[PDB]
Structures are given as structure tokens and as C-alpha cells.
$ cat coords_8.pdb   # PDB, C-alpha atoms
ATOM      1  CA  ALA A   2      -3.080   2.766 -26.784
ATOM      2  CA  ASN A   3      -0.597   2.961 -23.906
ATOM      3  CA  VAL A   4       0.097   6.351 -22.271
ATOM      4  CA  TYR A   5       3.514   4.942 -21.319
ATOM      5  CA  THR A   6       5.234   1.604 -21.988
ATOM      6  CA  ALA A   7       8.129   0.195 -19.957
ATOM      7  CA  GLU A   8      10.381  -2.722 -20.993
ATOM      8  CA  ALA A   9      12.695  -5.022 -19.114
ATOM      9  CA  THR A  10      14.713  -8.103 -19.966
ATOM     10  CA  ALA A  11      15.746 -10.823 -17.554
ATOM     11  CA  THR A  12      18.337 -13.599 -17.854
ATOM     12  CA  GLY A  13      18.260 -16.917 -16.017
ATOM     13  CA  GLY A  14      20.622 -18.865 -13.793
ATOM     14  CA  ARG A  15      22.188 -18.018 -10.439
ATOM     15  CA  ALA A  16      24.009 -15.117 -12.119
ATOM     16  CA  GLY A  17      20.687 -13.792 -13.423
ATOM     17  CA  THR A  18      19.791 -10.128 -14.010
ATOM     18  CA  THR A  19      16.740  -7.996 -14.811
ATOM     19  CA  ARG A  20      17.284  -4.717 -16.567
ATOM     20  CA  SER A  21      15.048  -2.072 -18.058
ATOM     21  CA  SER A  22      15.560  -0.824 -21.600
ATOM     22  CA  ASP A  23      16.571   2.654 -20.267
ATOM     23  CA  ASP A  24      18.842   1.252 -17.532
ATOM     24  CA  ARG A  25      16.739   2.936 -14.778
ATOM     25  CA  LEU A  26      16.579  -0.562 -13.340
ATOM     26  CA  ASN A  27      19.716  -2.637 -13.663
ATOM     27  CA  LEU A  28      19.479  -5.369 -11.070
ATOM     28  CA  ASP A  29      20.877  -8.765 -10.115
ATOM     29  CA  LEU A  30      18.623 -11.654  -9.190
ATOM     30  CA  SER A  31      19.196 -14.030  -6.293
ATOM     31  CA  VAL A  32      16.940 -16.814  -5.005
ATOM     32  CA  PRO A  33      16.269 -16.151  -1.289
ATOM     33  CA  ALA A  34      18.008 -18.473   1.216
ATOM     34  CA  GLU A  35      14.589 -19.264   2.710
ATOM     35  CA  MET A  36      13.612 -20.898  -0.599
ATOM     36  CA  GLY A  37      16.807 -22.945  -1.035
ATOM     37  CA  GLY A  38      18.719 -20.273  -2.937
ATOM     38  CA  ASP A  39      22.203 -18.805  -2.455
ATOM     39  CA  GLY A  40      20.627 -15.818  -0.658
ATOM     40  CA  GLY A  41      22.883 -13.383  -2.502
ATOM     41  CA  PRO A  42      22.556  -9.598  -2.817
ATOM     42  CA  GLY A  43      20.181  -9.821  -5.802
ATOM     43  CA  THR A  44      16.442  -9.167  -5.632
ATOM     44  CA  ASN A  45      13.575 -11.446  -6.676
ATOM     45  CA  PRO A  46      10.091 -11.336  -8.342
ATOM     46  CA  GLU A  47       8.132 -11.036  -5.055
ATOM     47  CA  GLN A  48      10.319  -8.238  -3.752
ATOM     48  CA  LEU A  49      10.027  -6.424  -7.066
ATOM     49  CA  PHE A  50       6.259  -6.867  -6.877
ATOM     50  CA  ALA A  51       6.239  -5.444  -3.354
ATOM     51  CA  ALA A  52       8.330  -2.372  -4.345
ATOM     52  CA  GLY A  53       6.165  -1.794  -7.398
ATOM     53  CA  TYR A  54       2.831  -2.134  -5.597
ATOM     54  CA  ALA A  55       3.924   0.212  -2.807
ATOM     55  CA  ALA A  56       5.059   2.670  -5.462
ATOM     56  CA  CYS A  57       1.826   2.210  -7.455
ATOM     57  CA  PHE A  58      -0.282   2.998  -4.381
ATOM     58  CA  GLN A  59       1.713   6.190  -3.746
ATOM     59  CA  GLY A  60       1.023   7.166  -7.352
ATOM     60  CA  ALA A  61      -2.643   6.375  -6.831
ATOM     61  CA  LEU A  62      -2.737   8.552  -3.688
ATOM     62  CA  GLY A  63      -1.579  11.487  -5.802
ATOM     63  CA  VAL A  64      -4.342  10.814  -8.342
ATOM     64  CA  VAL A  65      -6.922  10.637  -5.549
ATOM     65  CA  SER A  66      -5.516  13.840  -4.009
ATOM     66  CA  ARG A  67      -5.811  15.817  -7.263
ATOM     67  CA  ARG A  68      -9.246  14.458  -8.202
ATOM     68  CA  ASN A  69     -10.894  14.949  -4.794
ATOM     69  CA  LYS A  70      -8.888  18.062  -3.822
ATOM     70  CA  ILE A  71      -7.827  16.454  -0.543
ATOM     71  CA  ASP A  72      -4.450  16.813   1.121
ATOM     72  CA  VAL A  73      -2.238  13.769   1.657
ATOM     73  CA  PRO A  74       0.565  14.318   4.209
ATOM     74  CA  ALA A  75       3.955  14.461   2.461
ATOM     75  CA  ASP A  76       5.588  11.922   4.812
ATOM     76  CA  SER A  77       2.878   9.287   4.231
ATOM     77  CA  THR A  78       4.164   5.765   3.507
ATOM     78  CA  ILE A  79       2.835   2.558   1.969
ATOM     79  CA  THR A  80       4.382  -0.773   2.962
ATOM     80  CA  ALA A  81       3.613  -3.753   0.779
ATOM     81  CA  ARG A  82       4.170  -7.259   2.118
ATOM     82  CA  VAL A  83       4.034  -9.930  -0.566
ATOM     83  CA  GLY A  84       4.007 -13.651   0.303
ATOM     84  CA  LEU A  85       4.756 -16.460  -2.174
ATOM     85  CA  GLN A  86       2.630 -19.542  -1.487
ATOM     86  CA  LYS A  87       3.100 -23.062  -2.898
ATOM     87  CA  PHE A  92       2.485 -20.709  -6.923
ATOM     88  CA  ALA A  93       0.334 -17.720  -5.848
ATOM     89  CA  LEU A  94       0.946 -14.279  -4.363
ATOM     90  CA  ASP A  95      -0.624 -12.882  -1.217
ATOM     91  CA  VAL A  96      -0.567  -9.126  -0.533
ATOM     92  CA  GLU A  97      -0.927  -6.789   2.439
ATOM     93  CA  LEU A  98      -0.681  -3.010   1.961
ATOM     94  CA  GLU A  99      -0.297  -0.798   5.061
ATOM     95  CA  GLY A 100      -0.395   2.992   4.898
ATOM     96  CA  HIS A 101       0.734   5.513   7.481
ATOM     97  CA  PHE A 102      -0.693   9.021   7.080
ATOM     98  CA  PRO A 103       0.702  11.319   9.807
ATOM     99  CA  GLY A 104      -2.003  13.601  11.236
ATOM    100  CA  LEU A 105      -5.037  11.947   9.639
ATOM    101  CA  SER A 106      -7.645  10.001  11.587
ATOM    102  CA  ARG A 107      -7.986   6.219  11.133
ATOM    103  CA  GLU A 108     -11.247   6.907   9.266
ATOM    104  CA  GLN A 109      -9.628   9.344   6.793
ATOM    105  CA  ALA A 110      -6.647   7.029   6.245
ATOM    106  CA  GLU A 111      -8.940   4.053   5.568
ATOM    107  CA  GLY A 112     -10.931   6.114   3.051
ATOM    108  CA  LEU A 113      -7.670   7.029   1.294
ATOM    109  CA  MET A 114      -6.598   3.365   1.121
ATOM    110  CA  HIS A 115      -9.901   2.251  -0.365
ATOM    111  CA  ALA A 116      -9.867   5.117  -2.916
ATOM    112  CA  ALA A 117      -6.279   4.390  -3.974
ATOM    113  CA  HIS A 118      -7.141   0.704  -4.426
ATOM    114  CA  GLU A 119      -9.813   1.575  -7.021
ATOM    115  CA  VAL A 120      -7.346   3.616  -9.097
ATOM    116  CA  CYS A 121      -4.060   1.678  -8.825
ATOM    117  CA  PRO A 122      -3.479  -0.488 -11.919
ATOM    118  CA  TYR A 123      -1.727  -3.270  -9.893
ATOM    119  CA  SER A 124      -5.016  -3.602  -7.945
ATOM    120  CA  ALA A 125      -7.014  -3.734 -11.171
ATOM    121  CA  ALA A 126      -4.516  -6.267 -12.629
ATOM    122  CA  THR A 127      -4.702  -8.629  -9.673
ATOM    123  CA  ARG A 128      -8.417  -8.227  -8.864
ATOM    124  CA  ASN A 129     -10.147 -11.450  -7.730
ATOM    125  CA  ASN A 130      -6.903 -13.497  -8.057
ATOM    126  CA  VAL A 131      -4.866 -12.136  -5.170
ATOM    127  CA  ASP A 132      -6.200 -11.469  -1.687
ATOM    128  CA  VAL A 133      -5.204  -7.849  -1.167
ATOM    129  CA  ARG A 134      -5.689  -6.728   2.420
ATOM    130  CA  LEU A 135      -5.664  -2.970   3.186
ATOM    131  CA  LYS A 136      -4.409  -1.757   6.596
ATOM    132  CA  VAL A 137      -3.801   1.588   8.263
ATOM    133  CA  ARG A 138      -0.885   2.095  10.650
ATOM    134  CA  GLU A 139      -0.976   4.277  13.776
TER     135      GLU A 139
ATOM    136  CA  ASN B   3       4.099 -19.495   2.485
ATOM    137  CA  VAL B   4       7.739 -20.190   1.528
ATOM    138  CA  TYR B   5       8.921 -16.522   1.330
ATOM    139  CA  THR B   6       7.760 -12.971   2.212
ATOM    140  CA  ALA B   7       9.130  -9.728   0.754
ATOM    141  CA  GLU B   8       8.519  -6.250   2.095
ATOM    142  CA  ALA B   9       8.961  -2.808   0.588
ATOM    143  CA  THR B  10       8.084   0.686   1.633
ATOM    144  CA  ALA B  11       7.388   3.599  -0.713
ATOM    145  CA  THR B  12       7.382   7.343   0.061
ATOM    146  CA  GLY B  13       5.820  10.098  -2.072
ATOM    147  CA  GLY B  14       6.470  13.567  -3.368
ATOM    148  CA  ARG B  15       9.003  13.829  -6.234
ATOM    149  CA  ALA B  16      11.782  12.760  -3.879
ATOM    150  CA  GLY B  17       9.910   9.425  -3.839
ATOM    151  CA  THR B  18      11.638   6.120  -3.156
ATOM    152  CA  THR B  19      10.694   2.491  -2.900
ATOM    153  CA  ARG B  20      12.903   0.363  -0.690
ATOM    154  CA  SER B  21      12.914  -3.259   0.445
ATOM    155  CA  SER B  22      13.217  -4.103   4.155
ATOM    156  CA  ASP B  23      16.555  -5.904   3.537
ATOM    157  CA  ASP B  24      18.231  -3.131   1.477
ATOM    158  CA  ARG B  25      18.354  -5.242  -1.730
ATOM    159  CA  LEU B  26      16.144  -2.662  -3.452
ATOM    160  CA  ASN B  27      16.904   1.023  -2.870
ATOM    161  CA  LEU B  28      15.224   2.835  -5.699
ATOM    162  CA  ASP B  29      14.303   6.345  -6.576
ATOM    163  CA  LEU B  30      10.984   6.925  -8.318
ATOM    164  CA  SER B  31      10.346   9.358 -11.142
ATOM    165  CA  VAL B  32       7.215  10.037 -13.150
ATOM    166  CA  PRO B  33       7.963   9.579 -16.869
ATOM    167  CA  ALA B  34       7.929  12.592 -19.197
ATOM    168  CA  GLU B  35       5.303  10.713 -21.233
ATOM    169  CA  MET B  36       2.780  11.170 -18.344
ATOM    170  CA  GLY B  37       3.733  14.775 -17.506
ATOM    171  CA  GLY B  38       6.520  13.992 -15.037
ATOM    172  CA  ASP B  39      10.077  15.338 -15.099
ATOM    173  CA  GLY B  40      11.556  12.188 -16.725
ATOM    174  CA  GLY B  41      14.133  11.807 -13.961
ATOM    175  CA  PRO B  42      16.377   8.764 -13.388
ATOM    176  CA  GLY B  43      14.031   7.057 -10.896
ATOM    177  CA  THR B  44      11.965   4.022 -11.923
ATOM    178  CA  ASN B  45       8.181   3.673 -11.884
ATOM    179  CA  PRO B  46       5.530   0.993 -11.114
ATOM    180  CA  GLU B  47       5.073  -0.189 -14.726
ATOM    181  CA  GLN B  48       8.794  -0.578 -15.086
ATOM    182  CA  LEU B  49       9.055  -2.424 -11.777
ATOM    183  CA  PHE B  50       6.250  -4.736 -12.937
ATOM    184  CA  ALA B  51       8.097  -5.391 -16.222
ATOM    185  CA  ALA B  52      11.331  -6.176 -14.412
ATOM    186  CA  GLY B  53       9.564  -8.452 -11.942
ATOM    187  CA  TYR B  54       7.427 -10.310 -14.496
ATOM    188  CA  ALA B  55      10.446 -11.004 -16.722
ATOM    189  CA  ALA B  56      12.349 -12.305 -13.664
ATOM    190  CA  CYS B  57       9.360 -14.462 -12.595
ATOM    191  CA  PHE B  58       9.181 -16.065 -16.042
ATOM    192  CA  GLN B  59      12.885 -16.882 -15.801
ATOM    193  CA  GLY B  60      12.294 -18.527 -12.406
ATOM    194  CA  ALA B  61       9.350 -20.389 -13.920
ATOM    195  CA  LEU B  62      11.608 -21.630 -16.730
ATOM    196  CA  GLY B  63      13.899 -22.902 -13.978
ATOM    197  CA  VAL B  64      10.997 -24.750 -12.363
ATOM    198  CA  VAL B  65       9.876 -26.211 -15.693
ATOM    199  CA  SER B  66      13.335 -27.519 -16.668
ATOM    200  CA  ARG B  67      13.856 -29.345 -13.348
ATOM    201  CA  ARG B  68      10.376 -30.878 -13.255
ATOM    202  CA  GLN B  69      10.512 -31.945 -16.936
ATOM    203  CA  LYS B  70      14.257 -32.883 -16.994
ATOM    204  CA  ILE B  71      14.668 -30.372 -19.856
ATOM    205  CA  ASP B  72      17.583 -28.073 -20.758
ATOM    206  CA  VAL B  73      16.962 -24.354 -21.291
ATOM    207  CA  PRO B  74      19.855 -22.840 -23.257
ATOM    208  CA  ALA B  75      21.080 -19.987 -21.050
ATOM    209  CA  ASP B  76      21.688 -16.843 -22.958
ATOM    210  CA  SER B  77      17.899 -17.380 -23.075
ATOM    211  CA  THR B  78      16.196 -14.047 -22.552
ATOM    212  CA  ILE B  79      12.659 -12.883 -21.474
ATOM    213  CA  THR B  80      11.454  -9.341 -22.258
ATOM    214  CA  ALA B  81       8.354  -7.891 -20.586
ATOM    215  CA  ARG B  82       6.593  -4.852 -22.057
ATOM    216  CA  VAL B  83       4.156  -3.261 -19.619
ATOM    217  CA  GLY B  84       1.956  -0.379 -20.776
ATOM    218  CA  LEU B  85      -0.276   1.868 -18.713
ATOM    219  CA  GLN B  86      -3.721   2.383 -20.213
ATOM    220  CA  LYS B  87      -6.423   4.773 -19.001
ATOM    221  CA  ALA B  88      -9.732   2.996 -18.374
ATOM    222  CA  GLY B  89     -12.183   5.717 -17.370
ATOM    223  CA  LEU B  90     -11.271   6.710 -13.818
ATOM    224  CA  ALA B  91      -9.362   3.416 -13.542
ATOM    225  CA  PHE B  92      -6.032   2.372 -14.984
ATOM    226  CA  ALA B  93      -5.062  -0.980 -16.508
ATOM    227  CA  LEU B  94      -1.862  -2.806 -17.442
ATOM    228  CA  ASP B  95      -1.134  -4.049 -20.924
ATOM    229  CA  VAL B  96       1.455  -6.853 -20.949
ATOM    230  CA  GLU B  97       3.477  -8.813 -23.476
ATOM    231  CA  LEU B  98       6.203 -11.320 -22.782
ATOM    232  CA  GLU B  99       8.727 -12.180 -25.497
ATOM    233  CA  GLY B 100      11.163 -15.054 -25.192
ATOM    234  CA  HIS B 101      14.355 -15.792 -27.127
ATOM    235  CA  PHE B 102      16.005 -19.185 -26.721
ATOM    236  CA  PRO B 103      19.226 -19.582 -28.765
ATOM    237  CA  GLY B 104      19.427 -23.007 -30.426
ATOM    238  CA  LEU B 105      15.806 -24.096 -29.787
ATOM    239  CA  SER B 106      13.204 -24.694 -32.452
ATOM    240  CA  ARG B 107      10.258 -22.325 -32.508
ATOM    241  CA  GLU B 108       7.948 -25.117 -31.312
ATOM    242  CA  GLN B 109      10.261 -25.843 -28.370
ATOM    243  CA  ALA B 110      10.466 -22.164 -27.403
ATOM    244  CA  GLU B 111       6.686 -21.807 -27.666
ATOM    245  CA  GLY B 112       6.287 -24.887 -25.461
ATOM    246  CA  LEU B 113       8.451 -23.270 -22.800
ATOM    247  CA  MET B 114       6.551 -19.962 -22.877
ATOM    248  CA  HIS B 115       3.257 -21.732 -22.198
ATOM    249  CA  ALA B 116       4.762 -23.890 -19.457
ATOM    250  CA  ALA B 117       6.255 -20.859 -17.737
ATOM    251  CA  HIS B 118       2.953 -18.998 -18.113
ATOM    252  CA  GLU B 119       1.146 -21.776 -16.280
ATOM    253  CA  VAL B 120       3.625 -21.699 -13.378
ATOM    254  CA  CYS B 121       4.580 -18.028 -13.024
ATOM    255  CA  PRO B 122       2.802 -16.409 -10.025
ATOM    256  CA  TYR B 123       2.584 -13.020 -11.823
ATOM    257  CA  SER B 124       0.587 -14.857 -14.532
ATOM    258  CA  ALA B 125      -1.630 -16.469 -11.886
ATOM    259  CA  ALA B 126      -2.115 -13.034 -10.272
ATOM    260  CA  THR B 127      -3.172 -11.320 -13.493
ATOM    261  CA  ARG B 128      -5.150 -14.145 -15.081
ATOM    262  CA  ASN B 129      -8.369 -13.032 -16.815
ATOM    263  CA  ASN B 130      -7.676  -9.343 -15.955
ATOM    264  CA  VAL B 131      -4.676  -8.689 -18.195
ATOM    265  CA  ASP B 132      -4.750  -9.897 -21.836
ATOM    266  CA  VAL B 133      -1.175 -11.141 -21.714
ATOM    267  CA  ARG B 134       0.520 -11.727 -25.080
ATOM    268  CA  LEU B 135       3.140 -14.492 -25.271
ATOM    269  CA  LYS B 136       5.678 -14.185 -28.071
ATOM    270  CA  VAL B 137       8.800 -15.979 -29.259
ATOM    271  CA  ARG B 138      11.494 -14.145 -31.223
ATOM    272  CA  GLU B 139      13.820 -17.215 -30.998
TER     273      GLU B 139
END

$ encode --input "coords_8.pdb" --output "C-alpha cells"
Amino acid sequence: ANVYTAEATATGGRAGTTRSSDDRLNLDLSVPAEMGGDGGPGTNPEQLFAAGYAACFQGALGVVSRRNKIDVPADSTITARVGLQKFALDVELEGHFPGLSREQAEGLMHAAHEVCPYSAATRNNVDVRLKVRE
Amino acid sequence: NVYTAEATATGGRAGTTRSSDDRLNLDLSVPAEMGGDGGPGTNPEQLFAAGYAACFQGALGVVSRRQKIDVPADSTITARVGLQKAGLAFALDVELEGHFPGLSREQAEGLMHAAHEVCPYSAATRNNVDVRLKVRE
């Protein structure tokens, strides 16, 4: 059984949208210029994946923090870079943890990666590279 | 590599996730169902649902061009993404449901499989997530 279930519906075309069932997400879709699209103000699947993965890792840092009773600086960030290759996805996650050593930060990244469900979901199919930022 | 997206997420209740180009500028909230405050911000499962549904729509676009086929429009893809506890790990549960006004069931089912083959989210989650493909159409 699911502890929580989210739902979203997308339409097609150049006037496409993707929209959650609670309206928390209510977004337009545009194909990026770089891919031959109109490059409009709408988002796209890779950018949504990047925002979600970054968010998922932040969630996972909280889990790790509570389980191991370790303090994660409040201004820590995770940046996900997601490349589309011709189709497969490529991912780099880079965390910045103000005041921690490179060794502590790297331990946090590896621990988060074992918890985060996006990491579990994409295991062995997507090269996910973990980086720490000075 | 034909495109790269970037997003940065912060933590701590006032959490956000934001793309480098300002197209996404989202607040994050933990759902009441998992002990959060149920605020108006989105969450990772919801972002995955929105992205996977969008990816399937792009894949339908790819399939129609390559196969010289016509996908109605008013055609609709719904992703349902559930969070499951798996020991100390978590896992995603995913179903994708298409509706294609004016297509036969066999035609709609054809399209769902074709999209599933092409969609990079499907490639990414292959053999890890037991994806369910459905047609309401």
C-alpha cells in the first residue's frame, strides 16, 4: 500500500499542460529551443525530473538526519542536472553543505542516495553521479 | 546530449525547488498523509507524476511522426505515483492511464506501448518500477 499517492494529467501539442489533481502543480509545457521547439515559457519532462530529484534528495537528507541524529545545515542545497541523450536520462546531483567538511558532505550524499526513491527507481538504468560543492 | 535541465532545491519547511531558467519556481510541502502540514507546495512524487505524464505525451508526439499516425488531441495521460516504504528504503509505485477520444481500445493500447518503449522516464525506471499501463479510452 502507498503511504501517499500523487496524480497528474498532461495534454499534448504545443499548447500542452501538466497539472496535478490538487492543482499544486498547474504548468504549461514547451519544447526547448535547443531541441527544435518553440522555446516558450513552459517546462519539460527533464526539467521536472531535475526539480523532483533535487527535492527528493532534500527529503532524503531529512530522513538521514532524523535516523542518524546528525545535523544538516539549514541552507544546504542540492542541484540536479539532467541531460537527455538520443532516449535516456543522465543525472548529476551536487550538494552544498555550508560548514561541513568535504568528507562529511560526501557521506551525506551517499546516505541520501540509498534512501531517496528516485535513486531506487532509476538504479542501474541511469548513471547518477554524486558531487559535493565547496 | 540534445538538452540539459538544471534545478536547485532548498530544505526546511520553507523549501523550494527552482529551475536555472526560472520556468519552475515551486514551493515544497510535505503532505498531511506523511505527517507534514499539507501546505500548498508540491512534492517529489507529484513532480514525478507531472513529469512522467508529460514525457508520455512527448513520446506520443514522437510515435505519431515516426509512424505517420494521428493522435486525437484532447488525448490525455494521467500518472499516479505512490510512495511505498521498503524497509529503510523507499520505492515508487506507478500507473499510467491514457484516454484517446475517438480511438478504438486496440489503437489506444498500441499507443501506450509505443510511448512506453520511447519515453525516457520508462527507460530510467525499467525493471525497478512495476509500471502499470492502462487505457480508459

$ closest_residue --input "coords_8.pdb" --among "A:93, A:65, A:34, A:110" --to "chain B" --atoms "all atoms listed in the file"
A:93

$ residues_around --input "coords_8.pdb" --residues "range 115-120 of chain B" --least-positions-apart "2" --cutoff "6 Å" --atoms "all atoms listed in the file" --output "PDB file with C-alpha atoms, in the coordinates of the input"
ATOM      1  CA  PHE B  58       9.181 -16.065 -16.042  1.00  0.00           C
ATOM      2  CA  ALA B  61       9.350 -20.389 -13.920  1.00  0.00           C
ATOM      3  CA  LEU B  62      11.608 -21.630 -16.730  1.00  0.00           C
ATOM      4  CA  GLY B 112       6.287 -24.887 -25.461  1.00  0.00           C
ATOM      5  CA  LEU B 113       8.451 -23.270 -22.800  1.00  0.00           C
ATOM      6  CA  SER B 124       0.587 -14.857 -14.532  1.00  0.00           C
TER       7      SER B 124
END

$ residues_near_point --input "coords_8.pdb" --point "(8.7, 12.5, -13.1)" --cutoff "12 Å" --atoms "only C-alpha atoms" --output "list in words"
residues 60 of chain A; 13, 14, 15, 16, 17, 29, 30, 31, 32, 33, 34, 35, 36, 37, 38, 39, 40, 41, 42, 43, 44 and 45 of chain B

$ write_last_selection --input "coords_8.pdb" --atoms "C-alpha atoms" --output "PDB file, keeping the file's coordinate frame"
ATOM      1  CA  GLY A  60       1.023   7.166  -7.352  1.00  0.00           C
TER       2      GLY A  60
ATOM      3  CA  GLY B  13       5.820  10.098  -2.072  1.00  0.00           C
ATOM      4  CA  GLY B  14       6.470  13.567  -3.368  1.00  0.00           C
ATOM      5  CA  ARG B  15       9.003  13.829  -6.234  1.00  0.00           C
ATOM      6  CA  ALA B  16      11.782  12.760  -3.879  1.00  0.00           C
ATOM      7  CA  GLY B  17       9.910   9.425  -3.839  1.00  0.00           C
ATOM      8  CA  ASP B  29      14.303   6.345  -6.576  1.00  0.00           C
ATOM      9  CA  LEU B  30      10.984   6.925  -8.318  1.00  0.00           C
ATOM     10  CA  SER B  31      10.346   9.358 -11.142  1.00  0.00           C
ATOM     11  CA  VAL B  32       7.215  10.037 -13.150  1.00  0.00           C
ATOM     12  CA  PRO B  33       7.963   9.579 -16.869  1.00  0.00           C
ATOM     13  CA  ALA B  34       7.929  12.592 -19.197  1.00  0.00           C
ATOM     14  CA  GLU B  35       5.303  10.713 -21.233  1.00  0.00           C
ATOM     15  CA  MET B  36       2.780  11.170 -18.344  1.00  0.00           C
ATOM     16  CA  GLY B  37       3.733  14.775 -17.506  1.00  0.00           C
ATOM     17  CA  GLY B  38       6.520  13.992 -15.037  1.00  0.00           C
ATOM     18  CA  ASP B  39      10.077  15.338 -15.099  1.00  0.00           C
ATOM     19  CA  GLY B  40      11.556  12.188 -16.725  1.00  0.00           C
ATOM     20  CA  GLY B  41      14.133  11.807 -13.961  1.00  0.00           C
ATOM     21  CA  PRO B  42      16.377   8.764 -13.388  1.00  0.00           C
ATOM     22  CA  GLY B  43      14.031   7.057 -10.896  1.00  0.00           C
ATOM     23  CA  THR B  44      11.965   4.022 -11.923  1.00  0.00           C
ATOM     24  CA  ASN B  45       8.181   3.673 -11.884  1.00  0.00           C
TER      25      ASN B  45
END

$ resolve_selection --input "coords_8.pdb" --expression "the PyMOL selection byres ((chain A and resi 6) around 12)" --output "JSON list (two decimals) with C-alpha atoms, in the coordinates of the input"
[["chain", "number", "residue", "atom", "x", "y", "z"],
["A", 2, "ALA", "CA", -3.08, 2.77, -26.78],
["A", 3, "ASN", "CA", -0.60, 2.96, -23.91],
["A", 4, "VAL", "CA", 0.10, 6.35, -22.27],
["A", 5, "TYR", "CA", 3.51, 4.94, -21.32],
["A", 7, "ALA", "CA", 8.13, 0.20, -19.96],
["A", 8, "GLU", "CA", 10.38, -2.72, -20.99],
["A", 9, "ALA", "CA", 12.70, -5.02, -19.11],
["A", 21, "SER", "CA", 15.05, -2.07, -18.06],
["A", 22, "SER", "CA", 15.56, -0.82, -21.60],
["A", 23, "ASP", "CA", 16.57, 2.65, -20.27],
["B", 33, "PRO", "CA", 7.96, 9.58, -16.87],
["B", 34, "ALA", "CA", 7.93, 12.59, -19.20],
["B", 35, "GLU", "CA", 5.30, 10.71, -21.23],
["B", 36, "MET", "CA", 2.78, 11.17, -18.34],
["B", 45, "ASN", "CA", 8.18, 3.67, -11.88],
["B", 46, "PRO", "CA", 5.53, 0.99, -11.11],
["B", 47, "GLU", "CA", 5.07, -0.19, -14.73],
["B", 48, "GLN", "CA", 8.79, -0.58, -15.09],
["B", 49, "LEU", "CA", 9.06, -2.42, -11.78],
["B", 50, "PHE", "CA", 6.25, -4.74, -12.94],
["B", 51, "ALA", "CA", 8.10, -5.39, -16.22],
["B", 81, "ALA", "CA", 8.35, -7.89, -20.59],
["B", 82, "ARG", "CA", 6.59, -4.85, -22.06],
["B", 83, "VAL", "CA", 4.16, -3.26, -19.62],
["B", 84, "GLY", "CA", 1.96, -0.38, -20.78],
["B", 85, "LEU", "CA", -0.28, 1.87, -18.71],
["B", 86, "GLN", "CA", -3.72, 2.38, -20.21],
["B", 93, "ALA", "CA", -5.06, -0.98, -16.51],
["B", 94, "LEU", "CA", -1.86, -2.81, -17.44],
["B", 95, "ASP", "CA", -1.13, -4.05, -20.92],
["B", 96, "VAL", "CA", 1.46, -6.85, -20.95],
["B", 97, "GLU", "CA", 3.48, -8.81, -23.48]]

$ residues_around --input "coords_8.pdb" --residues "residue 81 in chain A" --least-positions-apart "6" --cutoff "10 Å" --atoms "only C-alpha atoms" --output "PDB file with C-alpha atoms, keeping the file's coordinate frame"
ATOM      1  CA  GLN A  48      10.319  -8.238  -3.752  1.00  0.00           C
ATOM      2  CA  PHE A  50       6.259  -6.867  -6.877  1.00  0.00           C
ATOM      3  CA  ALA A  51       6.239  -5.444  -3.354  1.00  0.00           C
ATOM      4  CA  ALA A  52       8.330  -2.372  -4.345  1.00  0.00           C
ATOM      5  CA  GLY A  53       6.165  -1.794  -7.398  1.00  0.00           C
ATOM      6  CA  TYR A  54       2.831  -2.134  -5.597  1.00  0.00           C
ATOM      7  CA  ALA A  55       3.924   0.212  -2.807  1.00  0.00           C
ATOM      8  CA  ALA A  56       5.059   2.670  -5.462  1.00  0.00           C
ATOM      9  CA  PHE A  58      -0.282   2.998  -4.381  1.00  0.00           C
ATOM     10  CA  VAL A  96      -0.567  -9.126  -0.533  1.00  0.00           C
ATOM     11  CA  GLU A  97      -0.927  -6.789   2.439  1.00  0.00           C
ATOM     12  CA  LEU A  98      -0.681  -3.010   1.961  1.00  0.00           C
ATOM     13  CA  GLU A  99      -0.297  -0.798   5.061  1.00  0.00           C
ATOM     14  CA  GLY A 100      -0.395   2.992   4.898  1.00  0.00           C
ATOM     15  CA  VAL A 133      -5.204  -7.849  -1.167  1.00  0.00           C
ATOM     16  CA  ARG A 134      -5.689  -6.728   2.420  1.00  0.00           C
ATOM     17  CA  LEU A 135      -5.664  -2.970   3.186  1.00  0.00           C
TER      18      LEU A 135
ATOM     19  CA  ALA B   7       9.130  -9.728   0.754  1.00  0.00           C
ATOM     20  CA  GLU B   8       8.519  -6.250   2.095  1.00  0.00           C
ATOM     21  CA  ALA B   9       8.961  -2.808   0.588  1.00  0.00           C
ATOM     22  CA  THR B  10       8.084   0.686   1.633  1.00  0.00           C
ATOM     23  CA  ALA B  11       7.388   3.599  -0.713  1.00  0.00           C
ATOM     24  CA  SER B  21      12.914  -3.259   0.445  1.00  0.00           C
TER      25      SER B  21
END

$ atom_distance --input "coords_8.pdb" --atom1 "CA of residue 27 in chain A" --atom2 "CA of residue 77 in chain B"
17.6 Å

$ closest_residue --input "coords_8.pdb" --among "A:107, A:128, A:138, A:115" --to "chain B" --atoms "all atoms listed in the file"
A:128

$ atom_distance --input "coords_8.pdb" --atom1 "CA of residue 111 in chain A" --atom2 "CA of residue 79 in chain A"
12.4 Å

$ resolve_selection --input "coords_8.pdb" --expression "the PyMOL selection byres ((chain B and resi 137) around 7)" --output "list in words"
residues 99, 100, 101, 110, 111, 136, 138 and 139 of chain B

$ residues_near_point --input "coords_8.pdb" --point "(-3.0, 9.4, 1.1)" --cutoff "12 Å" --atoms "all atoms listed in the file" --output "PyMOL selection string"
(chain A and resi 58-67+69-79+99-118+137) or (chain B and resi 12-14)

$ closest_residue --input "coords_8.pdb" --among "B:73, B:4, B:52, B:57" --to "residue 126 in chain B" --atoms "all atoms listed in the file"
B:57

$ closest_residue --input "coords_8.pdb" --among "B:65, B:98, B:79, B:88" --to "chain A" --atoms "only C-alpha atoms"
B:79

$ atom_distance --input "coords_8.pdb" --atom1 "CA of residue 53 in chain B" --atom2 "CA of residue 89 in chain B"
26.5 Å

$ closest_residue --input "coords_8.pdb" --among "B:68, B:134, B:107, B:128" --to "chain A" --atoms "only C-alpha atoms"
B:128

$ closest_residue --input "coords_8.pdb" --among "B:92, B:22, B:3, B:69" --to "residue 131 in chain B" --atoms "all atoms listed in the file"
B:92
